[PDB]
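One structure below.
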Amino acid sequence: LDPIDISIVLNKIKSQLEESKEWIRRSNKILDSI
Amino acid sequence: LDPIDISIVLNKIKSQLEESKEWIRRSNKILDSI
Amino acid sequence: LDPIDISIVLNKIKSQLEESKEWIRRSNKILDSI
Amino acid sequence: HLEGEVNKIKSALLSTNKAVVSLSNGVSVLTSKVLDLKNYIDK
Amino acid sequence: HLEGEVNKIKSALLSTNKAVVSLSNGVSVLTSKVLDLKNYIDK
Amino acid sequence: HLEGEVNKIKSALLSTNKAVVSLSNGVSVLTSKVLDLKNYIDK
């Protein structure tokens, strides 16, 4: 295994997908206030 | 070749992209009713 | 290195992501006219 | 009427949001497979 | 006026939908290349 | 009121657009890693 190189790639990518999902949650949340 | 392992990955991924495209088609369809 | 095969894949993919970003810029731009 | 159109845009946007989520789940699966593949290369 | 704004949101959302489709086509190409690459590894 | 709802849809769509951009940045990183990996295979 090479935990350091996997960690760095996974965290860059995971932080983009998690950020995308929070923006969606924000969009749904605002849309539930209509 | 390893058809079984390719099949399982391809079907998980393909089913997400196909689902994304159907939601878009739904969104366009609703927008054409305005 | 194999510059030809990397070039062809990179350009197909990059042209889809660049096109996605321009559509977003278009959407934001229209939304700034409200 | 105009209320109706607004209502329609809301339904359409909720459907777009669902498109984005499922595309995200696609990218997460693919990411897992790419890392399974470096491990396969390493080992 | 308010009809105009609604109309603008509709145009903006159609453009977002087109952004999602083309990103999807990006992910499908990349997926193909990842599987071409396991085959290359296997062979 | 109805102006308010329109305003809300605009804020919600801007948030969806930001979701699409960051997912795009995810796919670009992953693409780079896939090409780093063919190079690793080749070398």
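By convention in this document, chain letters (A, B, ...) are assigned in the order of the sequence lines, proteins followed by strands, and residues within each chain are numbered from 1.
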[atom2] on [Y] to [atom1] on [X], rounded to 0.5 Å:
X       : Y       : atom1 : atom2 : answer
A/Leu17 : D/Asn25 : CG    : CG    : 9.0 Å
D/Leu14 : A/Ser27 : CG    : OG    : 7.0 Å
D/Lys18 : A/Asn28 : NZ    : CG    : 8.5 Å
D/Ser24 : A/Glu18 : OG    : CD    : 8.0 Å

Nearest heavy-atom neighbours spanning D/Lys38 and A/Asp5: NZ-OD2, 2.9 Å
A/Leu31 side chain near D/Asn17 side chain, heavy-atom distance below 4.5 Å: yes
